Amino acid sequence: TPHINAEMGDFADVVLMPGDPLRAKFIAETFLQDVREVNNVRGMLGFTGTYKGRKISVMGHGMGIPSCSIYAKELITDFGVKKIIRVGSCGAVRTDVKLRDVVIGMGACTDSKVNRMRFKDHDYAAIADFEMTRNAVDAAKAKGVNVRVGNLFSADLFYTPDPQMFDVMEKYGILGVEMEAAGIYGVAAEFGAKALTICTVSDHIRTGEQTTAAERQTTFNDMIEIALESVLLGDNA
C-alpha cells in the first residue's frame, strides 16, 4: 500500500499505536529489546521488538479517525494483526479527572459519521474487546496505577465550534476527549479483530492545565507498562 512499506511477518500479532510516530519510537527504544524499524512511509514510524521475550510492535497512527482507520485496517487485513492497543493522550472534561490520570475506553462516543456509514445510519456502540479491557484493568492493579474504565469521546474537531458539548460529555461521565478510539473500534469490528484504547490525560479542558509537547512524546509511561503487561495477561489466560 501507499501507507505501510513493511513485508508480512514484520509486525507482531499485537500492535501498540500512539498517534505520534515519535512517541512510537520512544516507546520501542525504551521498553523493547532487539528493535527493528519496519515502517517509515509518510514519516509514520513503526517498530517491532520483544517485551519480556514476547514479540510486540509499536507504530504511530496519526491524528484523527480517518488517519488511524487506514493504518488499523491495513495492519489487520494485510499484516495479520489480531490486537491493537491505542496508547494515546486525551483531554479531561470531568472536574474529578486530573492531568496524568490513565483512562481506559471500554466504549468510545463520537461526533464522526464513520460508524453511521458502516451501520445504516443507526447507533453503533463502538466498544473495546472485553478481555483486552479486563487484561488492562488487571495489569493496572498489579502495577499499582489507578485507572478509570468507561467512555471516551472521539472528536473530529480538536478546535470545536461547540464547546457546550463538553458539558454534555461531562454529564454523561466521559473520561477523556481524544480523536481516534471510536474509529479504531469500528475498524476492529468491521474486519474481525480486537482493540482497546488506553489514554493518559494530557490537557484539562476545564482548567486549561496542560503538558508540553515533549511531555506527551516521552513522559506518559504508566499507560505503556499497563498496555504491555496486559498483553502478557491476555496470552496466559
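Note that residue numbering follows the sequence shown and begins at 1.
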Quiz item: If you average the Cα B factors in the entry, which is higher, 177-185 or 191-199?
Solution: 191-199
Quiz item: Per the PDB record, is the mean Cα temperature factor higher over 167-175 or over 204-212?
Solution: 204-212
Exercise. Choose from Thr133, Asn146, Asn115, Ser154 the residue with the greatest Cα B-factor as stated in the PDB record.
Key: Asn146
Quiz item: With respect to the C-alpha temperature factors reported in the PDB entry, which of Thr110, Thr95, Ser89, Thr77 ranks highest?
Solution: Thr95
Quiz prompt | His122 CA temperature factor, ranked by third within the chain | solution = lowest
Quiz item: Against its chain's modelled residues, does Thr30's Cα B factor rank lowest, middle or highest third?
Solution: highest
Exercise. Would you check the entry's CA temperature factor for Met106 and let me know if it's in the chain's lowest, middle or highest third?
Key: lowest
Quiz item: Mind checking which third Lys141 falls in for C-alpha B-factor across the chain?
Solution: highest
Exercise. Taking the chain's C-alpha temperature factors as the reference, tell me which third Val81 falls into: lowest, middle or highest.
Key: middle
